[PDB]
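Asks:
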Amino acid sequence: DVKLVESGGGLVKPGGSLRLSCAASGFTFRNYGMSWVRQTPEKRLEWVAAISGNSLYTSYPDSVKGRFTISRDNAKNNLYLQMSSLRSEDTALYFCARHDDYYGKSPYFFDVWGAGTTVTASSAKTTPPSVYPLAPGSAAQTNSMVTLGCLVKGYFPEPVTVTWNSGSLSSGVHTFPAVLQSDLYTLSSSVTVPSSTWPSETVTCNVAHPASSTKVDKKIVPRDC
Amino acid sequence: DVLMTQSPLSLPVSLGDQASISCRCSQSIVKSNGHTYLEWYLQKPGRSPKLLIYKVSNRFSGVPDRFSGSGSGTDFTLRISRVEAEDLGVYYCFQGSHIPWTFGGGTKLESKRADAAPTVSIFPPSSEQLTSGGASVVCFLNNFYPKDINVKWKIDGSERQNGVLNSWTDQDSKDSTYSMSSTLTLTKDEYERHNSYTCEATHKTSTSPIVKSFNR
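See below:
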């Protein structure tokens, strides 16, 4: 199979630099024009840079010209994107894609895409999450089902991983997209378990935040009053 | 730059039916050689765009006959017949005719199903959080259809539309329902000044109000 894998994305403060890297395999790399394409939090797709098979011809839109430099190394099968003086507008998932063969003819641009590396440009400092147990109040009407949750609040940057009972509980689990609450992300997760299996059995939510190298385990304990 | 506008934004179909996604241009995308390099991509959650139609109306490799593209000058259509579950996702149109090449906004293809009222749970703030000087009241609204619902907050009977954060999930691929969490952020001191906290889901329209409360 033809394969393209990105790397080099991370967090940077505005005005800083970064270098993205795309490896190619399963085809003659030097015959194909390559581009980079970004996807914004809004879901918008934007073409960002193109280089010819021979390296000689590059092109950019006006939003990145002067700031971004597409580059390739045919011997090593690599495509790079030198990014500089980054701003919060450059935060996106950055894709690596091949368009056309240099040998006639010309149809179908972007047929193979990478998985994408995430760039986030922000001055907001890295912050581990606060993890809070969500248990029903000590008076609530109880049914055959009981829904518990975990609230994961005030962290930065994305992502965070939430699992329940180390992942051995995956039924009736809803994890909700994070939302910006003024420079910090907030997210919650929800699990629904049979009435009997709680609190007679233990439910724990596990939260990992790679960027702050932080993992938190929280047991959902029935609230006493 | 050639501005591509897609409509509608979201589109629910019953599996087996037909769907039509439109894509408009702000100027001609006929290239100097007379050819129109319009392309349609499909993107599924977690995955990268896959090329479906290229050059207005040519099916790419392994793309099923049910996809067909057409259109003339500034107007281009994607028709999907016999919509299967694997066809669900976001559809972008693209033009490779003039630099810079631009994409459309996208159109979400979602599946129709039977109406389902939400399951609503309300949670007081955890005592952990209270020790930090904050208090978040959380409300889960789980497994409803359709996507649209109105969530009302009440504190001591008084409506609160203020610092409320709402978040939806994608359509659940097993049962085609949606879920939502709604969070009320207060200070610890604001929290203690009030007794009654209520979370209202409303559809009118559908299944009459679903109220969930707690006190202290």
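From first to last, the protein sequence lines are chains A and B.
Counting in the working numbering, the first sequence runs from 18 upward without gaps.
Counting in the working numbering, the second sequence runs from 85 upward without gaps.
Even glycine gets a Cβ: it sits at the ideal position worked out from N, Cα and C.
Given a threshold of 16 other Cβ atoms within 10 Å of its Cβ, counted over all protein chains shown, does B/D171 qualify as buried or as exposed?
Replies: With 16 or more Cβ atoms within 10 Å of its Cβ, B/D171 is classed as buried.
Asks: Only counting the same chain, and skipping five residues up and downstream in sequence, which positions put a Cβ closer than 8 Å to that of B/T158?
Replies: The answer, listed in chain order, is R108, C109, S110, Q111, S112 and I113.
Asks: Below 8 Å, can you find three or more Cβ-Cβ pairs linking the segment 199-216 of chain B to the segment 175-191 of chain B?
Replies: No, because fewer than three Cβ pairs between the segment 199-216 of chain B and the segment 175-191 of chain B fall closer than 8 Å, the two stretches do not touch.
Asks: Using the rule of at least 16 other Cβ atoms within 10 Å of the residue's Cβ for burial, across every protein chain shown, is A/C242 buried or exposed?
Replies: Exposed is the call here.
Asks: Select from A/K232, A/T108, A/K122 and A/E218 the residue whose C-alpha is nearest the C-alpha of A/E59.
Replies: Answer by Cα proximity: A/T108.
Asks: Looking at the strands, I want to know which residues DSSP matches up with B/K238.
Replies: According to DSSP, which records beta bridges pairwise, B/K238 is partnered with B/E243 and B/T282.
Asks: Helix or strand or just coil, what does DSSP make of B/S141?
Replies: Coil, per DSSP.
Asks: Report the start-end ranges of each beta strand (DSSP E) in the segment 141-178 of chain A that is 3 residues or longer and not cut off at the edges.
Replies: 147-151 and 162-172, all fully within the segment 141-178 of chain A.
Asks: Is there a Cβ from chain A that is less than 8 Å from the Cβ of B/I183?
Replies: For B/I183, the answer is yes, since a Cβ of chain A falls inside 8 Å of its Cβ.
Asks: Residue ranges of each alpha helix (DSSP H) run of no fewer than 4 residues wholly in the segment 94-165 of chain B, ordered along the chain?
Replies: List check, alpha helix (DSSP H) in window: nothing returned.
Asks: Look at the alpha carbon of B/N246 and the alpha carbon of A/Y74, and state the distance between them as a whole number of angstroms.
Replies: Near 53 Å, if we compare the C-alpha coordinates of A/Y74 and B/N246.
Asks: Are B/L193 and B/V97 closer than 8 Å when you measure CB to CB?
Replies: Contact flag set, yes.
Asks: A/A156: buried (16+ other C-beta within 10 angstroms of its C-beta) or exposed?
Replies: By the 10 Å Cβ count, A/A156 comes out exposed.
Asks: Please report the distance separating the alpha-carbon of A/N182 from that of B/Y229.
Replies: A/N182 and B/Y229: Cα-Cα distance of roughly 29 Å.
Asks: Interface residues of chain A around B/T161 at Cβ under 8 Å?
Replies: In chain order: nothing, as chain A lies at least about 19 Å away.
Asks: Where do the N-terminal and C-terminal ends of the alpha helix (DSSP H) with B/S211 fall, by residue?
Replies: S211 to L214 is the span of the alpha helix (DSSP H), which, as asked, contains B/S211.
Asks: What's the gap between the Cα of A/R61 and the Cα of B/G190?
Replies: A/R61 and B/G190: Cα-Cα distance of roughly 8 Å.
Asks: Between the beta-carbon of A/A114 and the beta-carbon of A/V177, is there less than 8 Å?
Replies: Result no, Cβ atoms of A/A114 and A/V177 do not sit closer than 8 Å.
Asks: If we ignore side chains and look at the alpha-carbon of each, how far apart do B/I233 and A/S212 end up?
Replies: The straight-line gap from Cα to Cα measures roughly 27 Å.
Asks: Please determine if the segment 90-103 of chain A and the segment 153-172 of chain A are in contact, where contact requires at least 3 C-beta pairs separated by less than 8 Å.
Replies: At 8 Å Cβ cutoff, the stretches do not touch.
Asks: Quick check on DSSP: helix, strand or coil for B/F224?
Replies: Residue state, collapsed to three classes: strand.
Asks: Could you list the residues in the segment 160-186 of chain A with a C-beta less than 8 Å from some C-beta on chain B, going in chain order?
Replies: Against chain B - using a Cβ distance shorter than 8 Å - the residues of the segment 160-186 of chain A are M162, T164, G166, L168 and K170.
Asks: Can you give me, in chain order, the residues of the segment 126-151 of chain A that have a beta carbon less than 9 Å from any beta carbon in chain B?
Replies: Those residues of the segment 126-151 of chain A that come within reach of chain B (Cβ to Cβ, closer than 9 Å) are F126, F127, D128, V129, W130, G131, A132, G133, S147, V148, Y149, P150 and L151.
Asks: At what residues does the beta strand (DSSP E) containing B/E194 begin and finish?
Replies: That run of the beta strand (DSSP E) goes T191 to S195.
Asks: With a threshold of 8 Å between beta-carbons, can B/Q111 be considered close to chain A, or not?
Replies: No, B/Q111 does not count as interfacial toward chain A.
Asks: Would the segment 88-96 of chain B count as touching the segment 131-141 of chain B if we require 3 or more Cβ pairs under 8 Å?
Replies: No: fewer than three Cβ pairs fall under 8 Å.
Asks: What is the C-beta distance between B/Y275 and B/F298, in whole angstroms, given that I count them as a contact (C-beta under 8 Å)?
Replies: No, B/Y275 and B/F298 are not in contact; Cβ-Cβ is about 12 Å, not under 8 Å.
Asks: Any beta carbon from chain B within less than 8 Å of A/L37's own beta carbon?
Replies: Chain B contact via Cβ: absent.
Asks: By the 10 Å Cβ neighbour count, where 16 or more other Cβ atoms means buried, how is B/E123 classified, buried or exposed?
Replies: Classification of B/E123: buried, given that the 10 Å Cβ count is 16 or more.
Asks: Is B/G180 close to chain A? Criterion is C-beta to C-beta, closer than 8 Å.
Replies: For B/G180, the answer is yes, since a Cβ of chain A falls inside 8 Å of its Cβ.
Asks: For a contact defined as C-beta to C-beta under 9 Å, what are the partners of B/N279 on chain A?
Replies: The contacting residues do not exist; B/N279 stays about 13 Å from chain A at best.
Asks: Looking only at its own chain, which residues have a Cβ that is under 7 Å from the Cβ of A/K20, when we skip the five neighbours before and after it?
Replies: Closer than 7 Å at the Cβ level, and outside the excluded window around A/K20, lie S42 and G43.
Asks: Assuming contact is defined by CB atoms lying nearer than 8 Å, are A/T143 and A/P174 in contact in what I supplied?
Replies: Yes, they are a contact pair.
Asks: Pull out every residue of the segment 192-204 of chain A whose Cβ sits closer than 7 Å to any Cβ of chain B, in chain order.
Replies: Cβ contacts with chain B come from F193, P194, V196, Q198 and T203.
Asks: Is there a Cβ from chain A that is less than 8 Å from the Cβ of B/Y176?
Replies: Yes, B/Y176 lies at the interface with chain A (some Cβ there is under 8 Å from its Cβ).
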